[PDB]
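Starting off, we have a lone chain in the form deposited in one PDB entry, written out as structure tokens.
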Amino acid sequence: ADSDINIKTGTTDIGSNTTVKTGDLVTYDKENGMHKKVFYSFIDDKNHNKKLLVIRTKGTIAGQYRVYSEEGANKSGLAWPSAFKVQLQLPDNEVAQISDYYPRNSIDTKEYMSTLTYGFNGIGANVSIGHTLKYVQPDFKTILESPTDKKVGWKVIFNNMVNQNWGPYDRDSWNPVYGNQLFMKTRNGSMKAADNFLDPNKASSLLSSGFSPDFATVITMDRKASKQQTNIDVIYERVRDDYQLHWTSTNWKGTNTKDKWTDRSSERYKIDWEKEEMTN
């Protein structure tokens, strides 16, 4: 990157011969089960024209993958985490601005391969033409939602998942006989409906054991501001889907309803640029 322009590596980076005052702030939201942690760092270079503060948004958002209700032996439900989110808003009153962020959106790729085979038999001359196309498919996608001057947020959505080494299924799949078989343990099962869901160990880890963010947003403030103090709000949330499965007198049929419940955990932090410390 920088070395390709004949500039020495690390020349244009910042933070040299200066003292960062790091920190840590841990919260637990027992109502929603969101361990929260806001590691920060106040980088003050005399060369840089603005102060800096990198906010690491570590933590954990618990999956909460469980059978929420059952109605007899022919109907049951399941609530699973459809998407995890982490937002970092900043009041429009304040004059500090978000400078950068990481991770960011990346461009996909796919391999395309084509064939052309023709042979002869001892005359049955044949010709064969074919093309194949391959690409990788993560179970969960870390999308950086579009940022602005005061707001930046991420989300992790549910791409698709392979159910007992059989089919990549997604929230939109539909099969006329069996319905959406995303978390259906057995098709022609004879057990109670409440006990015919995929074992959470068999599923992805993020579904039941939760997703632990690692995100960064550096915010810069003018060095001659009238007041050196800005509050910030950071919001965690998860969106859960209702997966119902019931018996049609011949086989199980499963249906999925998108974005059934969403629970937000919001915390407000006050930043003190002069003291170089921000508090709960």
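The first residue of the shown sequence is 1; numbering continues from there. Only the largest set of C-alpha atoms that superpose within 1.5 Å between the two forms is called the rigid core.
Although it is not shown, the form deposited in another entry is what the next lines describe.
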Conformational change between the shown form and the other one, one of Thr142, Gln89, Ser204, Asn180, C-alpha moving 2 Å or more after core fit: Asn180
Is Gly63 one of the residues whose C-alpha moves 2 Å or more between the shown form and the other one after the core fit? no
Indicate whether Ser190 shows a C-alpha shift of 2 Å or more between the shown form and the other one, with the rigid core used for the fit. yes
Look at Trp252 and decide if its Cα position differs by 2 Å or more between the shown form and the other one after superposing on the rigid core. yes
Closer or farther: how do the Cα atoms of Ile43 and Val152 compare in the other form versus the shown form, where the change is at least 3 Å? farther
Between the shown chain and the other structure, the Cα gap of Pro176 to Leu207 differs by 3 Å or more. Is it closer or farther in the other form? closer
